[PDB]
Structures are given as structure tokens and as C-alpha cells.
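Peer 1: Please read through the structure below; I'll follow up with questions.
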Amino acid sequence: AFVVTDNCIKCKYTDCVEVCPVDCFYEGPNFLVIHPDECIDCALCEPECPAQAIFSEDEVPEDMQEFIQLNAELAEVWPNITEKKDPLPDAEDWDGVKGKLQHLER
Ligand code: SF4
Ligand code: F3S
């Protein structure tokens, strides 16, 4: 499974979904998640994230291991997203800001 981490929050560019062959991205208010059981580890989404927020589980940074279980949990509750949409208005200002998990909305 590929996992979306911190920098996606409040950026949510959704470029990653255009490339997914199986459509396993699920949508929240200000973040996206990959459903771990449906992902086929094709790695096609990882170059597409402008925020460089997607990682293979085995390369998820040490301080971001919470995201592995979070993507799994939330993929079960959020709706599927299969088409790109515009970034959140302010995506650029928040791109690179650290600690954005405190801003996640369910
Ligand atoms: S690695 Fe492939 S199947 Fe998994 S979320 Fe990314 S694009 Fe979709
Ligand atoms: S910012 Fe998030 S919505 Fe996709 S393109 Fe990157 S993982």
C-alpha cells in the first residue's frame, strides 16, 4: 500500500487520483487517503503529488507512522474520489508546513 501523509492536509491537490488504475483514493474535507487493501502498489501516484505526500508503507518517515493506520481507518468512512478537482484555495501557503495533522477534519 501507498500511504498519503501530512503534507497533503490542507493542500489536497488531487492530481494523484488521475493516475490511479484502481481508484482507491477516498476523500475528506481537506485530505485524501489510499485504501490499503485495494491499492496495487503500482507507485504511479507518488510522482504526481505536488506536495510529495505519498509514500510506499515501507518508506513512510519514522515520525509519520500514524498515517499508515489513519489511511486505513479513514478509507472506510470517507467516499471514493475518482476525478481530479481544483486544489484547496490556499493549497500553496500550506504546502511544506509541518505538523498539519492537528488541522485534519473528519
Ligand atoms: S500505488 Fe497505484 S494503486 Fe496505489 S494509490 Fe497509488 S496509483 Fe493507486
Ligand atoms: S496533496 Fe493529497 S490529494 Fe493527492 S495530489 Fe497529493 S496526495
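What you see of chain A is 2-107, where the numbers are those given in Swiss-Prot.
This entry, so its header tells us, was determined using X-ray crystallography, 2.2 Å.
Positions of Cβ are set from backbone N, Cα and C atoms, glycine also.
Among the features that Swiss-Prot reports, domain '4Fe-4S ferredoxin-type 1' is placed at 2-30. Summarising the annotation, Swiss-Prot assigns [3Fe-4S] cluster binding site to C9, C17, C50 and lists experimental evidence as the type of evidence. The [4Fe-4S] cluster binding site annotation in Swiss-Prot covers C21, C40, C43, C46. Per Swiss-Prot, domain '4Fe-4S ferredoxin-type 2' is recorded for 31-60. Feature annotation from Swiss-Prot assigns region 'Disordered' to 84-107. Look at Swiss-Prot and you will find 96-107 tagged as compositional bias 'Basic and acidic residues'.
Let's see these features in context: how buried, what's close, how far.
Peer 2: Tertiary neighbourhood of the domain '4Fe-4S ferredoxin-type 1' (2-30): same-chain residues 36-47, 49-58, 61-62, 65, 68-69, 72, 75-76, 79-86, 88-89, 91-93, 95-102, 104-107, selected by CB-CB distance under 8 Å and a gap of 6+ residues from either end.
Under a cutoff of 8 A between CB atoms, and with a sequence separation of 6+ in the same chain, the neighbours of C17 ([3Fe-4S] cluster binding site) are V5, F26, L33, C46, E49, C50, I55.
Taking the Cβ of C40 ([4Fe-4S] cluster binding site) as reference, residues of its chain lying under 8 Å away and at least six apart in sequence are, in sequence order, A2, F3, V23, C25.
Here the domain '4Fe-4S ferredoxin-type 2' (31-60) is broken down by DSSP into helix, strand and coil counts: 3 helix, 6 strand, 21 coil.
Sequence-distant contacts of the compositional bias 'Basic and acidic residues' (96-107) (same chain, six or more residues past either end, CB-CB distance under 8 Å): 7-8, 10-12, 29-32, 51-52, 67, 75, 78.
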Peer 1: Near ligand 2, which of the binding-site residues show up if the criterion is a Cβ under 6 Å from one of its atoms? Options: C17, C40, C50.
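Peer 2: Passing the 6 Å Cβ check against ligand 2: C17, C50.
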Peer 1: Write down the Cα-Cα distance for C9 ([3Fe-4S] cluster binding site) and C21 ([4Fe-4S] cluster binding site), rounded and given in Å.
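Peer 2: Checking the Cα atoms of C21 ([4Fe-4S] cluster binding site) and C9 ([3Fe-4S] cluster binding site) gives a distance of 17 Å.
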Peer 1: Which has the fewest other Cβ atoms within 10 Å: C21, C43, the binding-site residues listed?
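Peer 2: Comparing Cβ neighbour counts within 10 Å for the binding-site residues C21, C43 gives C43.
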Peer 1: Quiz question: given the binding-site residues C9, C46, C50, which has the greatest number of C-beta atoms lying within 10 angstroms of its own C-beta?
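Peer 2: In terms of Cβ crowding, the pick is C9.
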